[PDB]
């Protein structure tokens, strides 16, 4: 099975590394650290034991790779205008596209660009900061839940789930990709939002009672927008308490958006915030706290 990794980053390189370690033909597409990876290799620093890959099949242009069986898009979503130029040379009849990037609107913009039956969505729970050119730092978790965009057929999702399980990634299969994306949004929106804005890790947002109270209300707004979107099964309100207690054992974790704010690179406001808001306002649901958060966030960074 041959794979393209379009994105790199903490997410793309980590799953890319684990795939070739379990014997899969993985073709990396790099920009920033092409010379530091082709000359050296990529080092994975993990809590489940470090490992290094001495040789890595690395490319700096998508046309050099050619058509692929699978393509992992782990890109940051501010470069979604680059979907056409980076993915087109990898598309053959039978090519299936996997997306692990945060928020909504990613599966939909790729289905319009290539085809709905090709699109597999993966909601990934990964604790990873990264990089002095060619290094990945695995800090926690890593589990994936796989779902197809066009909802119908069993074999492909199972073959992919087993493949990630062969690579040592905890992998699950679901019938409702929409719901699982919205379930991740319940954590993503308050915690990537408030933490990037206030420039404070999750524990300090959780330490104040009134800030906890804010978090709940953000979460309930997300749930309401989720529940009236066309879900096969309803997301209960108790899930707020579940995700609240979940984050309480993450310690001093700084989420991805906060790290981007600290590193001077742009933030994924469009996919994490504006798009769920657009989908929520499409069905006419009040989401004032999300909107306020979205606005302040793009005010803060410009």
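Numbering follows the first chain given and starts at 1.
- Between 38 to 46 and 267 to 275, the higher mean Cα B-factor belongs to 38 to 46.
- Of the two segments, 222 to 230 and 205 to 213, the one listed with the higher mean B-factor is 222 to 230 (C-alpha atoms only).
- Going by the entry's values, 112 shows the largest Cα B-factor out of 200, 112, 101, 188.
- Across the residues 258, 252, 241, 64, the deposited record lists the maximum Cα B factor for 64.
- Among all modelled residues in this chain, the alpha-carbon of residue 1 has a temperature factor (C-alpha) in the highest third.
- Among the modelled residues of its chain, residue 146 has a C-alpha B-factor that falls in the lowest third, as given in the PDB entry.
- In the deposited entry, the Cα temperature factor of residue 70 sits in the middle third of values across the chain's modelled residues.
- In the deposited entry, the Cα temperature factor of residue 96 sits in the middle third of values across the chain's modelled residues.
- For residue 127, the recorded CA temperature factor ranks within the highest third of the chain's modelled residues.
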